[PDB]
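Notes follow the structure.
Laboratory data are not the source of any read-out in this text; all were calculated from the coordinates shown. Ideal geometry is used to build each Cβ from the backbone, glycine not excepted, and the neighbour counts take in all protein chains shown.
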Amino acid sequence: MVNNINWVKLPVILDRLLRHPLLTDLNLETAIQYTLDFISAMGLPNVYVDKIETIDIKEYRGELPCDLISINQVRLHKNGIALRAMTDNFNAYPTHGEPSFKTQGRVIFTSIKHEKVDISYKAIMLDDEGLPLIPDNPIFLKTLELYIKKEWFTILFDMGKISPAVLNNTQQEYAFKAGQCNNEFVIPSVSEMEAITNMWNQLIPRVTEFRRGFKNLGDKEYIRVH
Amino acid sequence: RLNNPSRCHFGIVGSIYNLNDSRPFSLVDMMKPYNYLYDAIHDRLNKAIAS
């Protein structure tokens with residue numbers, strides 16, 4: 001992402017929607033739900049807050065933080081060696097290796113019995129209220145506004161209170177801005193294309209960046225003169 | 001030596017295979033760049049064979 005994510009409260013999206021006199025029955029409560037549907041459906045990893053927590057595994061199980069949304073990596077605390085993924089069907093089960101993890105709910109399922117693990121994860125940024133906080137990006141803000149205008153107009157079109165030409169314009173305009181908003185958040189900055197440059201140009205290919213926290217991923221590869 | 005009393009040495013005889021008072025640019029030294037590059041390209045070959 002080229003621009004920085006400056007945070008603003010959710011009611012800044014309601015100044016923009018209630019400029020439209022057909023969207024004047026909108027609420028904070030409706031703006032809360034349609035934001036989280038929009039934040040999810042875009043899947044932009046720049047909208048989330050990166051956190052790291054150390055949890056302790058009791059017997060192939062550990063309790064996961066409350067704010068966790070997606071795990072970046074799980075690693076061991078004493079080694080720093082990262083855990084990949086549990087493909088075993090019979091993991092902590094005895095009959096009569098490379099460590100792994102698996103997460104379903106608020107429980108993580110590891111391959112190690114009694115160990116502390118660091119979990120680097122993503123959460124949602126909150127307010128003084130326990131409410132979501134959105135980027136002030138006028139591309140993000142415009143297409144979140146067009147998201148809610150397209151969900152409200154879809155209800156109104158089912159009711160028969162909106163022209164099919166009106167909904168077709170809103171469905172088209174949200175469809176353009178959703179790609180512009182995707183490209184706004186995905187396309188790297190100059191400082192991220194340098195780390196992409198160093199990963200791409202490697203005379204001796206570095207193929208074990210998952211073992212670290214992808215720390216040396218964008219590091220530059222140097223060759224001695226001889 | 002028959003005429004110089006100060007001219008002597010030890011048993012140690014040898015030579016540097018150098019050029020004009022410099023440090024020797026050996027045969028391995030001039031082939032070591034291309035051996036290091038052979039090791040890098042055959043690394044890409046082995047990961048392409050594997051995948």
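The set of residues in the range A:12-26 being outside any helix (DSSP H, G or I) and surrounded by 12 or more Cβ atoms within 10 Å (Cβ to Cβ) consists of A:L18, A:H20, A:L22, A:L23, A:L26. Contact annotation: residue pairs with Cβ atoms under 9 Å, 6 or more positions apart or on different chains, pairing a residue in the range A:1-25 that is under 29 Å from A:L167 (Cβ atoms) with a partner that is of a type in the set (S, T, N, Q) and surrounded by fewer than 12 Cβ atoms within 10 Å (Cβ to Cβ), are A:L14/A:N27; A:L17/A:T24; A:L18/A:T24. Counting the residues of the range B:37-51 that are β-branched (V, I, T) and either surrounded by 11 or more Cβ atoms within 10 Å (Cβ to Cβ) or facing chain A (nearest Cβ under 10 Å) (or both) gives 1.
Taking the listed residues A:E53, A:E59, A:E29, the one that is part of a loop (DSSP other than H, G, I, E, B), on the phi < 0 side of the Ramachandran plot and of a type in the set (D, E) is A:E59, with no other qualifying. Taken over the range B:8-36, the criterion of being surrounded by 10 or more Cβ atoms within 10 Å (Cβ to Cβ), within 13 Å of the chain's Cα centre (by Cα) and within 14 Å of chain A (Cβ to nearest Cβ) is satisfied by B:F25, B:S26, B:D29, B:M30, B:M31, B:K32, B:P33.
All conditions in (1) surrounded by fewer than 21 Cβ atoms within 10 Å (Cβ to Cβ); (2) charged (D, E, K, R); (3) farther than 22 Å from A:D67 by Cβ hold for A:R106, with the sole exception of (3). Screening A:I134 with (1) closer than 30 Å to A:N89 by Cβ; (2) assigned to a strand (DSSP E or B) gives one miss only, at (1).
Of all residues in the range A:195-226, those satisfying the criterion of being exposed (fewer than 13 other Cβ atoms within 10 Å of the Cβ), of a type outside the set (A, V, I, L, M, F, W, C) and either assigned to a helix (DSSP H, G or I) or within 14 Å of another protein chain (Cβ to nearest Cβ) (or both) are A:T197, A:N201, A:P205, A:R206, A:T208, A:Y222, A:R224, A:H226.
If we scan the range A:171-194, do we find a residue that is in contact with an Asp or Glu (Cβ under 6 Å, 6 or more places away or on another chain) and either away from chain B (no Cβ under 14 Å) or loosely packed, with under 11 Cβ neighbours inside 10 Å (or both)? No, every residue in the range A:171-194 fails to be in contact with an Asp or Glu (Cβ under 6 Å, 6 or more places away or on another chain) and either away from chain B (no Cβ under 14 Å) or loosely packed, with under 11 Cβ neighbours inside 10 Å (or both).
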